[PDB]
């Protein structure tokens, strides 16, 4: 036979959470800030 | 006071130019197939001393099951995210020098800080993408690129700090 | 290298939420960079909460941070224990049967001797199989002197084995560089 | 409902929170929830090794 | 019915033709054969089958 018959070390196999959830960070941040500048925008529009 | 302008400018030019340097060369220090340098576009060996475009993401010995090297390798290719980050950095400093005159106290400062910080964030994102794509060390300019993103984030902290301080002058003068 | 990325997400979240508390002024408790920074740190650790962000934006983002530290720390601890449990690497091969059941690590004796003739005349399926292997093995597993097998195995980086008398194996095993 | 949803969310997390149930009736629910998610993410850690 | 109608022809002349054919096929082609030869070759380099 020439084809025969452990301590795994994770490097980036779990990194997939990053470019999705970490993206969701700036996502909810940006969307939020839009909601805030809209709220204050209407507040200034109440004058 | 003016220290905010100092950290602003030195962070813009420093982190921006350092990011460009990260784009240039020194992306991965390793043994080639043999040793060579890396800049995500071409590799240059130590015969010894030649160069060749190393950005050959597609290789005709694999499985290509379902959008693994297509989505993953294609996304990592052409350095999509970091280019976007650097362009948004030039937009950042552009909104800084534009924010120098033409007061508009709230709009330009806040928007500039937002797009700048988010720009550094996207830079770190592209860093993660390249690290995943690497599937024996890295390049100096790469480390200076990540640290460039860090200092960019600090400059964003000082930026938004100066912004909300300007708001403190706004509501303060309102009283 | 993962740790650096982890800290990058740390400071990232810290700056983002620090903007959240800073923006839209009357102020909150996360208004300080030691509040966003420190509280993000204690958000990394399992240490008890100190300042609950009433901001719905900061709320969901913090939740994302528990998705982060929960899984990354969970894997750190679990896989960590999965590493310490393998404390010592036992010998992958220990008996001549193990030798007969593998071909990765070559093995042989002198080009002559009562051992060579012994395995030549042996009838044990293990010993006979090993003899058949060595007599046809390439390159030649046979040597002329003991030191030839000694240095051969030493340079073999564990890819070649040498069989000999027990006493000589003991003497060599009790001599520098003690690498056998 | 933000307090209930978000405190319930962090309650799902190992991390604690500032507010705490005192009605001695919903506090039961918080406790049994700690007991539930406890073994949930605990067993998740168990399989994570495998 | 498929194989006799398969274009191009899935038929080859020697076993090695099918071996290297599947090896270069990147798994996009299957070679149907006898168990013994499949086993022997499977016990041989580059151990890709």
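The residue numbers of chain C are those assigned by Swiss-Prot, with the residues present covering 545-569, 587-741 sequentially.
Determined by electron microscopy, 6.4 Å, according to the entry header.
Just so you know, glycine gets a Cβ as well, placed from its N, Cα and C.
Swiss-Prot gives the label phosphoserine to one of C:597, C:601, C:636, C:683, namely C:683. When C:656, C:701, C:717 are looked up in Swiss-Prot, the one carrying the note phosphoserine is C:717; the rest have no such note there, which does not rule it out for them. The range from C:617-637, C:659-679 that Swiss-Prot describes as transmembrane segment is residues C:617-637. For residue C:610 (S-palmitoyl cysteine), the Cβ neighbour count at a 10 Å cut-off comes to 17, with all displayed protein chains included. Residue C:717 (phosphoserine) and residue C:654 (site 'Crucial to convey clamshell closure to channel opening') have their C-alpha atoms 16 Å apart, to the nearest angstrom. For the topological domain 'Cytoplasmic' (C:611-616), same-chain residues at least 6 beyond its ends with a Cβ under 8 Å from one of its own Cβ atoms are 561, 564-565, 589-591, 596, 600, 603, 623. In sequence order, C:692, C:696 are the residues of the chain that are 6 or more apart from residue C:681 (site 'Interaction with the cone snail toxin Con-ikot-ikot') and have a CB within less than 8 Å of its CB. Mapped onto DSSP classes, the topological domain 'Cytoplasmic' (C:611-616) shows 0 helix, 0 strand, 6 coil. When Cβ atoms from all protein chains are considered, those within 10 Å of residue C:683 (phosphoserine) total 13, not counting its own.
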